[PDB]
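J.: Dropping a structure here in structure tokens format, bear with me for questions.
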Amino acid sequence: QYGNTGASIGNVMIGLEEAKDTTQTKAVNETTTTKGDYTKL
Amino acid sequence: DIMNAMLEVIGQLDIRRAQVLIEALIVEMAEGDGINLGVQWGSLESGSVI
């Protein structure tokens with residue numbers, strides 16, 4: 001990781017993971033899906 | 001005598017005053033131009049942008 005660059009790989013990968021669609025499952029059989037925010041990316 | 005002197009001073013300080021017509025002219029000519037063009041790129045699936 002480097003600070004010379006515009007943006008650092010850390011915030012970019014974290015942002016891309018936050019942007020992915022997350023699913024939250026509760027079995028017994030509920031499964032919910034939700035889209036993630038892009039605000040970090 | 002002093003009377004005849006001050007009347008000759010007053011006579012010459014009483015003259016008519018000419019009057020000037022001052023006409024200014026202000027000219028302001030501006031001009032501007034610009035051309036801004038460029039191509040950007042992006043892929044938001046794996047975030048990569050130009």
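Numbering starts fresh at 1 for the residues of each chain in the structure tokens, the chains themselves are lettered A, B, ... in the order given, and ligands are numbered from 1 as they appear.
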At a cut-off of 12 Å, list the chain B residues touching chain A, using only C-alpha atoms, as a PyMOL selection string.

T.: chain B and resi 43-50

J.: Kindly export the residues of the current selection with C-alpha atoms, as a compact mmCIF listing (two decimals), in the first residue's frame.

T.:
```txt
# COMPACT_ATOMS: atom_id res chain seq x y z
CA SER B 43 -16.06 -0.64 -14.24
CA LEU B 44 -18.01 -0.79 -11.01
CA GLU B 45 -18.04 -4.59 -10.65
CA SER B 46 -14.38 -4.49 -9.63
CA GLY B 47 -14.07 -0.80 -9.15
CA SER B 48 -11.57 0.47 -11.67
CA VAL B 49 -11.82 3.95 -13.11
CA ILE B 50 -9.98 6.25 -15.43
```

J.: As a ChimeraX atom specification, which residues of chain A does DSSP assign to strand (DSSP E or B)?

T.: /A:22-26,30-34

J.: Using the chain letters and numbers from this document, which residues of chain B does DSSP assign to alpha helix (DSSP H), as a list in words?

T.: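 Everything in chain B that counts as alpha helix (DSSP H) is residues 2, 3, 4, 5, 6, 7, 8, 9, 10, 11, 12 and 13 of chain B.
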
J.: Create the file for the chosen residues now, containing C-alpha atoms and written as a JSON list (two decimals), in the first residue's frame.

T.:
```json
[["chain", "number", "residue", "atom", "x", "y", "z"],
["B", 2, "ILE", "CA", -8.23, 102.72, -0.68],
["B", 3, "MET", "CA", -11.81, 102.70, -1.94],
["B", 4, "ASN", "CA", -10.66, 103.26, -5.52],
["B", 5, "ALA", "CA", -8.14, 100.45, -5.05],
["B", 6, "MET", "CA", -10.56, 97.86, -3.68],
["B", 7, "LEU", "CA", -13.07, 98.69, -6.39],
["B", 8, "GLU", "CA", -10.40, 97.87, -8.97],
["B", 9, "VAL", "CA", -9.66, 94.60, -7.20],
["B", 10, "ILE", "CA", -13.35, 93.70, -6.93],
["B", 11, "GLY", "CA", -13.77, 94.69, -10.55],
["B", 12, "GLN", "CA", -11.20, 92.08, -11.58],
["B", 13, "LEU", "CA", -12.31, 89.32, -9.18]]
```

J.: Do you know which residues are at most 9 Å from residue 34 (chain A) counting only C-alpha atoms, after dropping those on the same chain fewer than 4 positions away, and could you put them as a ChimeraX atom specification?

T.: /A:21-24

J.: Could you turn the residues from that selection into a file that holds C-alpha atoms, as a short mmCIF file (atom, residue, chain, number, x, y, z; two decimals), in the first residue's frame?

T.:
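See part-v7.cif below for the written result:
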```cif
data_model
loop_
_atom_site.label_atom_id
_atom_site.label_comp_id
_atom_site.auth_asym_id
_atom_site.auth_seq_id
_atom_site.Cartn_x
_atom_site.Cartn_y
_atom_site.Cartn_z
CA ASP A 21 -25.00 -7.65 -2.02
CA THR A 22 -25.15 -9.18 1.45
CA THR A 23 -27.54 -11.94 2.49
CA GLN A 24 -28.61 -12.66 6.07
#
```

J.: Rounded to one decimal place, report the CA of residue 35 (chain A)-CA of residue 14 (chain A) distance in Å.

T.: 15.2 Å

J.: Figure out the distance between CA of residue 37 (chain A) and CA of residue 18 (chain A), please, to one decimal in Å.

T.: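 That distance, rounded to one decimal, is 6.3 Å.
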
J.: Just to confirm, what's the straight-line distance from CA of residue 11 (chain A) to CA of residue 40 (chain A) in Å (one decimal)?

T.: 7.5 Å
